[PDB]
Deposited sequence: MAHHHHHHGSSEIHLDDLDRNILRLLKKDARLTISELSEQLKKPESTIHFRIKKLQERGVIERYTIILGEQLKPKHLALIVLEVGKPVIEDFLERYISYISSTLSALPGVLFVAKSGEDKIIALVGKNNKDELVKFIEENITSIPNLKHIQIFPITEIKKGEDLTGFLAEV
C-alpha cells in the first residue's frame, strides 16, 4: 500500500504542513507531478485526515496533571455520564475510558492551586468513587507538542 515516497511525504508534512508541492519535490528529489499525485491519493484515501496547528506560548497550560479514576450495567452508563461531564469542562484536554471501570483525564490550569481546587470540586467529588490517582506532570521527555495540540481556544 504505502511505499517509502508516501512515508517521506507524510514525515515532512508532520513537521511542517505548509510545505507546498515544489518544496517537497526539491526536498525529496522527486518530480512535482509525482508528489502532487501522491499527496492527492493520501488525502482521498484518508491517510492525511486533517491539517491543524500546534499552539505555543501563553496558550499551553502551565500545570498539567494526569488523573486515573476508578468507579465502584448501570456502570456503562455512569462512566458515560462522568466522562461527558468532564469533557464539557474547561482545562480538561483528554478523556478516555479504560476497561469497564475507569476514566483517564488530562487536566491543565495556569495556577497549581487552581488545579488543586478544580480536582477537588469536579473530580474527587464524583459519588461512587472507589479510587483516584493524580499524576502531576513535571516534565515531558517525548511528545511535548501534545499539550499545544490538545489545548483549546
Open item on the list: So, counting the deposited sequence from position 1, which segments are absent from the coordinates?
Closed with: 1-13, 86-90
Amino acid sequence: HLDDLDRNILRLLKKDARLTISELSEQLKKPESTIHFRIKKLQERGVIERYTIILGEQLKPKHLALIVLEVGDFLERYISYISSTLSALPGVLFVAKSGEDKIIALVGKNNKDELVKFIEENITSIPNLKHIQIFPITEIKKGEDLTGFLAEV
From here on, numbers count along this sequence of modelled residues.
Task: Mean C-alpha temperature factor, higher of 94-102 and 112-120 - done: 112-120
Open item on the list: Highest mean C-alpha temperature factor of the two stretches 34-42 and 61-69, which is it?
Closed with: 34-42
Open item on the list: Comparing recorded Cα B-factors across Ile134, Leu10, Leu129, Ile140, which one is largest?
Closed with: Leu129
Task: Ranked against its chain, the third holding the CA B-factor of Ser87 - done: middle
Open item on the list: Using only modelled residues of the chain, where does the Cα B factor of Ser125 rank: lowest third, middle third or highest third?
Closed with: highest
TODO: Compare the C-alpha B factor of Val107 with those of the other modelled residues in its chain, then answer lowest, middle or highest third.
DONE: middle
